[PDB]
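Peer 1: Here you go, one structure.
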Amino acid sequence: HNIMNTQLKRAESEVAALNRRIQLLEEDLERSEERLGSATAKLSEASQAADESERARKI
Amino acid sequence: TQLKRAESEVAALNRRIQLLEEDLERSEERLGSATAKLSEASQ
């Protein structure tokens, strides 16, 4: 006589699976933001080097 | 040059974060509706 509790038990596991998916997405987002800060700094250093090099190439 | 590789990695990371944030937003509204309806079905 638990067919009424299987409804709240299936909905509880859907909530737990959604919490697990949210946690996995936030960890991927956190690591992607760390690499984006690493890549944005490398893009600035390389764009500054390309700008400071061509700026010196004058007549 | 080394700049074409830096712009591609930044653009690829910006696209991944955008798609991850869209999944996160859709998962949060699905979670908020699942818990609000589960608490309604409880005493």
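Starting from 1 in every chain, residues are counted up; chains themselves are A, B, ... following the order of the structure tokens, and ligands are numbered from 1 as listed.
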Per residue of chain B within 8 Å of chain A, which atom pair is closest and at what distance in Å (one decimal), using only C-alpha atoms, listed by chain and increasing number, as JSON lines?
Peer 2:
```
{"residue": "B:2", "atom": "CA", "partner": "A:46", "partner_atom": "CA", "distance": 7.2}
{"residue": "B:3", "atom": "CA", "partner": "A:46", "partner_atom": "CA", "distance": 6.1}
{"residue": "B:6", "atom": "CA", "partner": "A:43", "partner_atom": "CA", "distance": 5.3}
{"residue": "B:7", "atom": "CA", "partner": "A:43", "partner_atom": "CA", "distance": 6.7}
{"residue": "B:9", "atom": "CA", "partner": "A:39", "partner_atom": "CA", "distance": 6.9}
{"residue": "B:10", "atom": "CA", "partner": "A:39", "partner_atom": "CA", "distance": 5.9}
{"residue": "B:13", "atom": "CA", "partner": "A:36", "partner_atom": "CA", "distance": 6.1}
{"residue": "B:14", "atom": "CA", "partner": "A:36", "partner_atom": "CA", "distance": 7.4}
{"residue": "B:16", "atom": "CA", "partner": "A:32", "partner_atom": "CA", "distance": 7.6}
{"residue": "B:17", "atom": "CA", "partner": "A:29", "partner_atom": "CA", "distance": 6.1}
{"residue": "B:20", "atom": "CA", "partner": "A:25", "partner_atom": "CA", "distance": 6.5}
{"residue": "B:21", "atom": "CA", "partner": "A:29", "partner_atom": "CA", "distance": 7.7}
{"residue": "B:23", "atom": "CA", "partner": "A:25", "partner_atom": "CA", "distance": 7.7}
{"residue": "B:24", "atom": "CA", "partner": "A:22", "partner_atom": "CA", "distance": 6.2}
{"residue": "B:27", "atom": "CA", "partner": "A:22", "partner_atom": "CA", "distance": 6.7}
{"residue": "B:28", "atom": "CA", "partner": "A:22", "partner_atom": "CA", "distance": 7.4}
{"residue": "B:30", "atom": "CA", "partner": "A:18", "partner_atom": "CA", "distance": 7.9}
{"residue": "B:31", "atom": "CA", "partner": "A:18", "partner_atom": "CA", "distance": 6.1}
{"residue": "B:34", "atom": "CA", "partner": "A:15", "partner_atom": "CA", "distance": 6.4}
{"residue": "B:35", "atom": "CA", "partner": "A:15", "partner_atom": "CA", "distance": 6.8}
{"residue": "B:38", "atom": "CA", "partner": "A:11", "partner_atom": "CA", "distance": 6.8}
{"residue": "B:41", "atom": "CA", "partner": "A:8", "partner_atom": "CA", "distance": 7.7}
```
Peer 1: Taking N, CA, C and O atoms for each residue, export the selection above as a short mmCIF file (atom, residue, chain, number, x, y, z; two decimals), in the first residue's frame.
Peer 2:
```cif
data_model
loop_
_atom_site.label_atom_id
_atom_site.label_comp_id
_atom_site.auth_asym_id
_atom_site.auth_seq_id
_atom_site.Cartn_x
_atom_site.Cartn_y
_atom_site.Cartn_z
N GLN B 2 50.42 33.76 -33.43
CA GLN B 2 49.90 33.21 -32.18
C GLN B 2 48.63 33.90 -31.71
O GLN B 2 48.01 33.43 -30.75
N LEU B 3 48.22 35.00 -32.35
CA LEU B 3 47.00 35.70 -31.96
C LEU B 3 45.75 35.01 -32.47
O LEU B 3 44.70 35.06 -31.80
N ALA B 6 44.84 32.52 -29.94
CA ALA B 6 44.32 33.08 -28.69
C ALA B 6 42.88 33.55 -28.85
O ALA B 6 42.06 33.39 -27.94
N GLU B 7 42.55 34.14 -30.00
CA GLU B 7 41.18 34.58 -30.24
C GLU B 7 40.23 33.41 -30.39
O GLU B 7 39.06 33.51 -30.01
N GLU B 9 40.55 30.37 -28.91
CA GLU B 9 40.34 29.75 -27.61
C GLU B 9 39.42 30.60 -26.74
O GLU B 9 38.58 30.06 -26.00
N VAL B 10 39.55 31.92 -26.82
CA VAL B 10 38.67 32.80 -26.05
C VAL B 10 37.24 32.71 -26.58
O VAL B 10 36.28 32.62 -25.80
N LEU B 13 35.72 29.42 -25.51
CA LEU B 13 35.37 29.40 -24.09
C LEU B 13 34.15 30.27 -23.81
O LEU B 13 33.33 29.94 -22.95
N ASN B 14 34.02 31.39 -24.54
CA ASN B 14 32.84 32.23 -24.38
C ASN B 14 31.58 31.53 -24.88
O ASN B 14 30.49 31.77 -24.34
N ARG B 16 31.16 28.15 -24.83
CA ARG B 16 30.87 27.08 -23.88
C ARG B 16 30.18 27.62 -22.64
O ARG B 16 29.22 27.01 -22.14
N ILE B 17 30.64 28.76 -22.12
CA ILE B 17 30.01 29.35 -20.94
C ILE B 17 28.58 29.77 -21.26
O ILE B 17 27.67 29.59 -20.44
N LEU B 20 26.50 26.63 -21.33
CA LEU B 20 26.38 26.08 -19.98
C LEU B 20 25.44 26.92 -19.12
O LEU B 20 24.67 26.37 -18.33
N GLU B 21 25.49 28.24 -19.27
CA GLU B 21 24.59 29.10 -18.50
C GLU B 21 23.15 28.95 -18.95
O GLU B 21 22.23 29.13 -18.14
N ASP B 23 21.84 26.05 -20.07
CA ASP B 23 21.42 24.82 -19.42
C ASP B 23 21.19 25.03 -17.93
O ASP B 23 20.24 24.49 -17.36
N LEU B 24 22.05 25.83 -17.29
CA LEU B 24 21.88 26.10 -15.87
C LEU B 24 20.58 26.85 -15.60
O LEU B 24 19.86 26.54 -14.64
N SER B 27 17.63 24.53 -16.10
CA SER B 27 17.58 23.53 -15.05
C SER B 27 17.11 24.13 -13.72
O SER B 27 16.50 23.42 -12.92
N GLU B 28 17.39 25.41 -13.49
CA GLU B 28 16.97 26.04 -12.24
C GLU B 28 15.47 26.28 -12.22
O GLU B 28 14.81 26.07 -11.19
N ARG B 30 13.32 24.53 -13.92
CA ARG B 30 12.73 23.20 -13.79
C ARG B 30 12.83 22.69 -12.37
O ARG B 30 11.93 21.98 -11.90
N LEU B 31 13.91 23.03 -11.66
CA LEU B 31 14.06 22.62 -10.27
C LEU B 31 13.09 23.39 -9.37
O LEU B 31 12.43 22.80 -8.51
N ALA B 34 9.72 21.99 -9.64
CA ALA B 34 9.61 20.64 -9.12
C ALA B 34 9.55 20.63 -7.60
O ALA B 34 8.82 19.82 -7.01
N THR B 35 10.30 21.51 -6.94
CA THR B 35 10.28 21.57 -5.49
C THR B 35 9.02 22.27 -4.98
O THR B 35 8.45 21.86 -3.96
N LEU B 38 6.39 19.75 -5.26
CA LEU B 38 6.58 18.65 -4.32
C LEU B 38 6.20 19.08 -2.90
O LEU B 38 5.63 18.28 -2.14
N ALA B 41 2.53 18.98 -2.57
CA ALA B 41 2.02 17.63 -2.42
C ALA B 41 2.47 16.97 -1.12
O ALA B 41 2.54 15.74 -1.05
#
```
